[PDB]
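Just one chain is shown here, as structure tokens, and it is the form deposited in one PDB entry.
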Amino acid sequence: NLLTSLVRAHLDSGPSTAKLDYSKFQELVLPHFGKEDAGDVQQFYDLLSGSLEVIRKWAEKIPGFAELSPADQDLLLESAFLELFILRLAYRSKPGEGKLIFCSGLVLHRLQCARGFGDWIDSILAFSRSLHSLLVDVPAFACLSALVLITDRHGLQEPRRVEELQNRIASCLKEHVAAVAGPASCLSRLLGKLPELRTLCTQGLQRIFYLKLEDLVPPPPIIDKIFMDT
């Protein structure tokens, strides 16, 4: 069934805890006075960039996504990148111990991250504290993130198909949270996340803006383009 392909895709993409690079991790209690140096913005951009290749590779693995047009595969992917990023990050990190795990498998401390993420990172952890208290299980999360991707976008070549695939995933989610219990919310508790997630992209754009002005290192073209869909 589909829910399985969704689960495999989620699972077969994120860094399995036990391939997570700790070689740059620093346990800090030391908030850092300093204007972010060029090393930080370079780190910042490499994580975004990294996260995008993972996200992309995970999309093909979503049944039906790949038989959509290349342009819509790019439209959906490009419009969804930043939220997917936040959401995948939030679910896999452990806030109770201020640890951010990135899709590339890099572990990194909250205060390590304030450097190039700014106060953004706090709202991401707050939101991540939000997610965990909801105890969203894996299958549901694998539907939830698919829905953030497969969703209506202005200038879609073929909105009707996307809606069909959106529908399959959505009812597929409903089946599952049905099984857990006795359509009825619950769902909309979980689904209430999706707009909270939209605020978070905002601050990320703000942060990318502030960095496109301080203008140390150039952004990766891939990410500048996404930023430019503004």
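C-alpha atoms forming the largest set that superposes within 1.5 Å between two forms make up the rigid core. We number the residues from 1 along the sequence you see.
What comes next is about the form deposited in another entry, which is not displayed.
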query: Core-superposed comparison between the shown form and the other one - Cα displaced by 2 angstroms or more, from 170, 205, 191, 55; finding: 191
query: Did residue 70 shift 2 Å or more between the shown form and the other one, C-alpha, core superposed; finding: no
query: Change in CA distance between residue 173 and residue 191 in the other form, which is 3 Å or more, as closer or farther; finding: farther
query: Cα-Cα trend for residue 34 and residue 208, given that in the other form the distance shifts by 3 Å or more; finding: closer
